[PDB]
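Residue numbers (the working numbering), protein chains in the order written: chain C, 1 to 14; chain E, 15 to 27; chain D, 28 to 94; chain G, 95 to 160. Before any comments, here is the structure.
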Amino acid sequence: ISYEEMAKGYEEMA
Amino acid sequence: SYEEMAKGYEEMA
Amino acid sequence: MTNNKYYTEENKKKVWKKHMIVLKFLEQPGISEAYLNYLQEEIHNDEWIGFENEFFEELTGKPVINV
Amino acid sequence: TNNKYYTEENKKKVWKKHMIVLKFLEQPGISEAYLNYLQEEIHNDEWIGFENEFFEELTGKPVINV
Ligand SMILES: [Ca+2]
Ligand code: NI
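Next up, the structure:
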C-alpha cells in the first residue's frame, strides 16, 4: 500500500 | 549507524 | 554554509531503498503487531524531539510518504 | 523537480520514519528475525537492484556512510 508509493518514488529516482 | 542517521537529522536544521 | 556530511542525496537514496526492505519485513507474520506495540511505548520516550507527527502517522497506519 | 513521489519532503519523512524503525529493529528478537528474513529473501527476484543494500544490512555495514 504505502510500499507501492515507495516503489513509485524509487522508479522516479532513475 | 542510528547515531549517524541522527547526525544526518541534525543537518536538516 | 557547511556541505552536508550525512544528510547527502546519496544517503537519501540508500535509506529510501533500505526502508522499502524493512517495510516488507514489517508485513511478516507477527512483526506488524510487535511494531505497533513498540510504537505505543516509544511515543512516550522523551528522546524523540520533533518526531510526534511521524510516530502517529505510523501508529495510525497512514502512508509512509505523501503524494 | 517534476517528481511526484521521490520528493525532498518525502525523503525527509522517510529518513525520520526510518530512524523510528531502526530502533525497533534493536528490540529483543526483532534483530534476529530481520536477519532471518533477509536470509529468506536473498534469492528473490523482486529485490534485483537492492543487492548492495541487502549486503550492507546483513553484514552490519552502516545504513548511511559519511
Ligand atoms: Ca532468483
Ligand atoms: Ni506520555
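Every residue gets a Cβ at the ideal spot worked out from N, C-alpha and C, and that includes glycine.
Remark: three or more beta-carbon pairs, one from each stretch, lie closer than 8 angstroms, so the region 34–52 of chain D and the region 114–133 of chain G are flagged as touching. Within 10 angstroms of the beta-carbon of D/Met47 lie 16 or more other beta-carbons, which makes it buried. Here the region 30–38 of chain D makes no contact with the region 69–85 of chain D; the two share fewer than three CB pairs at distances below 8 angstroms. For G/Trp141, the secondary structure class from DSSP, reduced to helix, strand or coil, is helix. Proximity to D/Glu60 across D/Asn30, D/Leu86, D/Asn80 peaks at D/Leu86, based on C-alpha coordinates. When secondary structure is reduced to three states using DSSP, G/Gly154 falls in the coil class, being assigned neither helix nor strand.
By the Cβ-count criterion, D/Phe82 is buried, with 16 or more other Cβ atoms from all chains shown falling within 10 Å of its own Cβ. DSSP, reduced to helix, strand and coil, places C/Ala14 outside both helices and strands of the structure shown, so it counts as coil. Secondary structure at C/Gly9: helix, using DSSP grouped into helix, strand and coil.
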